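Engineer: Okay, here's the structure, questions in a sec.
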Amino acid sequence: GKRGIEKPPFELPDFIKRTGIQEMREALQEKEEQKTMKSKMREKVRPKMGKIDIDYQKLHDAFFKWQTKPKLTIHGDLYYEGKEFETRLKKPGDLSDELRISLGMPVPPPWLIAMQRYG
Amino acid sequence: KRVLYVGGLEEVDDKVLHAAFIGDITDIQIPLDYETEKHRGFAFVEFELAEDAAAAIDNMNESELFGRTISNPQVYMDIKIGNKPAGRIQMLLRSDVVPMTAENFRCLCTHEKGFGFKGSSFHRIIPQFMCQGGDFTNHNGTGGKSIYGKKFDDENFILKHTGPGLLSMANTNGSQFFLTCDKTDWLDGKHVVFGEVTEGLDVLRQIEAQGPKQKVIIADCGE
Numbered sequence: 513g514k515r516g517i518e519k520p521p522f523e524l525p526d527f528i529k530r531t532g533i534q535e536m537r538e539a540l541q542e543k544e545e546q547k548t549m550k551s552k553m554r555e556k557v558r559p560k561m562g563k564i565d566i567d568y569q570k571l572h573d574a575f576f577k578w579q580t581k582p583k584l585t586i587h588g589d590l591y592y593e594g595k596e597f598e599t600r601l604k605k606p607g608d609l610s611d612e613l614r615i616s617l618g619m620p621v629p630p631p632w633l634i635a636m637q638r639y640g
Numbered sequence: 005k006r007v008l009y010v011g012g013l015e016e017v018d019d020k021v022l023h024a025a026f027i030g031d032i033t034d035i036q037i038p039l040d041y042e043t044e045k046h047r048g049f050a051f052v053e054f055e056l057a058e059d060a061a062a063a064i065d066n067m068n069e070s071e072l073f074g075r076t077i138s139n140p141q142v143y144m145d146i147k148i149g150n151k152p153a154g155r156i157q158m159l160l161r162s163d164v165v166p167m168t169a170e171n172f173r174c175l176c177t178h179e180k181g182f183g184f185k186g187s188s189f190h191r192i193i194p195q196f197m198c199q200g201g202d203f204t205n206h207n208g209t210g211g212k213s214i215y216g217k218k219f220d221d222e223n224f225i226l227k228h229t230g231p232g233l234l235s236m237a238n243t244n245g246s247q248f249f250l251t252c253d254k255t256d257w258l259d260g261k262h263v264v265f266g267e268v269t270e271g272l273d274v275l276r277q278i279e280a281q282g288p289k290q291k292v293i294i295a296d297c298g299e
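Going down the list, the protein sequences come from chains P and H. Mind the numbering: the first sequence is residues 513 to 601, 604 to 621, 629 to 640 in UniProt numbering, read in order. Mind the numbering: the second sequence is residues 5 to 13, 15 to 27, 30 to 77, 138 to 238, 243 to 282, 288 to 299 in UniProt numbering, read in order.
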């Protein structure tokens with residue numbers, strides 16, 4: 513029952529984005545979109561070279577040497593309609611990075634004396 | 005009528022001012040080009056008709072026995148917005164209403180406690196609501212220390228910020248002190264009003280107009 517929202521489809525991992533299959537995949541998809549269907553079975557009956565053809569060990573190192581382990585959650589995590597947004601536990607009694615930056619608080630907040638006076 | 009109004013003499018000092026007047032008991036030169044010399048006796052206090060236009064470090068200083076050249140302590144702070152002076156706020160800190168906060172503001176101006184408003188800046192300034200400064204530790208209103216420690220209680224909230232130049236102890244009141252340029256009755260009951268600038272109300276209005289977009293800091297200050 514979400515029913516009224518739209519979401520981004522996917523974000524690729526860093527090794528896949530470092531290999532960069534998305535750029536020439538998008539170029540091939542846009543070229544196919546600008547192609548007519550007459551050109552589509554023309555290229556079917558007479559094909560052409562060069563799909564991506566970058567190398568092999570870049571993808572091999574992306575799978576093995578550039579492999580990063582993701583943040584797997586706990587054994588007792590229950591996912592629901594939310595369960596991806598409550599990341600504040604923003605600690606209590608602790609400010610934010612924007613409050614440290616815009617108010618000029620070095621790593629001294631401007632409300633620190635008021636907070637210490639209120640206890 | 006024992007006090008003088010000797011002007012025309015910042016390069017002068019108290020010893021150089023009192024050497025020509027010596030039996031002067033009081034000699035307090037103002038931050039401008041003016042000084043007042045007062046003698047304890049009666050025959051020695053008639054220096055205006057006796058040593059007028061006296062040479063004080065190769066400069067004539069005309070002496071007139073009057074108060075033309077110019138209790139609740141007055142925090143006289145030349146509050147400078149940026150590199151230029153925005154006026155000398157002589158905020159008469161109300162010792163009749165809040166004596167602890169008034170003495171804290173007077174000591175912060177006089178810089179007798181090692182830190183205070185002489186050299187500090189107001190980093191919490193609002194348009195016609197408050198201009199809070201005096202914190203010499205963190206310089207943002209989140210530091211500062213009073214005479215009793217880092218945080219001290221407010222003395223009394225009998226006075227109210229009912230006009231321009233009204234000073235309050237900002238916060243619970245440590246070294247933070249707020250000058251108000253308009254009505255601040257909504258913040259009454261939390262910030263104790265401890266001043267009313269009869270002189271330097273235009274300096275408080277200029278500080279409220281400048282507030288922070290500019291470094292409003294009282295580099296020179298005193299009682």
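Beta carbons: idealized from backbone N, C-alpha and C, even for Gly.
Along chain P, in chain order, which residues have C-beta atoms closer than 7 Å to that of residue 76 of chain H?
Structural biologist: As a first step, residue 76 of chain H is located in the second sequence; it is residue number 69 there, counting from the start. Going along chain P, no residue has its Cβ under 7 Å from residue 76 of chain H, so there is no contact; the nearest lies around 40 Å.
Engineer: Quick check on residue 245 of chain H - is its C-beta less than 7 Å from some C-beta in chain P?
Structural biologist: For this step, residue 245 of chain H is matched to residue 174 along the second sequence. Chain P contact via Cβ: present.
Engineer: Nearest to residue 234 of chain H by CA position, among H:34, H:218, H:275 and H:46, is which residue?
Structural biologist: In the second sequence, residue 234 of chain H corresponds to position 167, counting from 1. Checking every option, the nearest Cα to that of residue 234 of chain H belongs to H:275.
Engineer: Is there contact between the region 258 to 272 of chain H and the region 149 to 167 of chain H, where contact requires at least three CB pairs shorter than 8 Å?
Structural biologist: Yes: at least three Cβ pairs fall under 8 Å.
Engineer: Note down the Cα distance separating residue 49 of chain H from residue 17 of chain H, rounded to an integer number of angstroms.
Structural biologist: Translated into positions along the second sequence, residue 49 of chain H becomes position 42. Translated into positions along the second sequence, residue 17 of chain H becomes position 12. Answer to the nearest angstrom: the Cα atoms are 26 Å apart.
Engineer: Taking only three categories from DSSP, how would you classify residue 249 of chain H?
Structural biologist: Here residue 249 of chain H refers to the residue found at position 178 of the second sequence. Note: residue 249 of chain H maps to strand in three-state DSSP.
Engineer: According to DSSP, residue 296 of chain H sits in a beta bridge with which residue or residues?
Structural biologist: As a first step, residue 296 of chain H is located in the second sequence; it is residue number 220 there, counting from the start. Per DSSP, H:145.
Engineer: DSSP three-state label for residue 42 of chain H, please.
Structural biologist: To locate residue 42 of chain H, count along the second sequence from 1; it is residue 35. Three-state result, residue 42 of chain H: strand.
Engineer: Mind listing the chain H neighbours of residue 631 of chain P? Cutoff is C-beta to C-beta under 8 Å, in chain order.
Structural biologist: Taking the first residue of the first sequence as position 1, residue 631 of chain P is located at position 110. One finds 190, 191, 205, 207, 208 and 209 in chain H with Cβ atoms closer than 8 Å to the Cβ of residue 631 of chain P, taken in chain order.
Engineer: In chain P, what lies closer than 8 Å to residue 238 of chain H by C-beta?
Structural biologist: Taking the first residue of the second sequence as position 1, residue 238 of chain H is located at position 171. In chain order: 634, 635 and 638.
Engineer: Pop quiz: residue 44 of chain H and residue 22 of chain H are said to be a contact at Cβ under 8 Å. What is the actual Cβ separation, rounded to whole angstroms?
Structural biologist: Mapped onto the second sequence, residue 44 of chain H falls at position 37. Mapped onto the second sequence, residue 22 of chain H falls at position 17. So it is a contact: roughly 7 Å between Cβ atoms.
Engineer: Output needed for residue 173 of chain H: all residues of its chain with C-beta closer than 7 Å, excluding positions within five of it in sequence on either side, in chain order.
Structural biologist: Position 106 of the second sequence, counted from the first residue, corresponds to residue 173 of chain H. The residues are 140, 142, 160 and 299.
Engineer: Please list, in chain order, the chain H residues whose beta carbon lies closer than 7 Å to that of residue 618 of chain P.
Structural biologist: Taking the first residue of the first sequence as 1, we reach residue 618 of chain P at position 104. Result: 207.
Engineer: Rounded to the nearest angstrom, what separates residue 536 of chain P and residue 585 of chain P at their Cα positions?
Structural biologist: Working through the first sequence from its first residue, we reach residue 536 of chain P at position 24. Working through the first sequence from its first residue, we reach residue 585 of chain P at position 73. Whole-angstrom Cα-Cα distance: 34 Å.
Engineer: Does the Cβ-Cβ distance between residue 51 of chain H and residue 30 of chain H come in under 7 Å?
Structural biologist: Here residue 51 of chain H corresponds to residue number 44 of the second sequence, with the count starting at 1. Here residue 30 of chain H corresponds to residue number 23 of the second sequence, with the count starting at 1. Closer than 7 Å, so yes.
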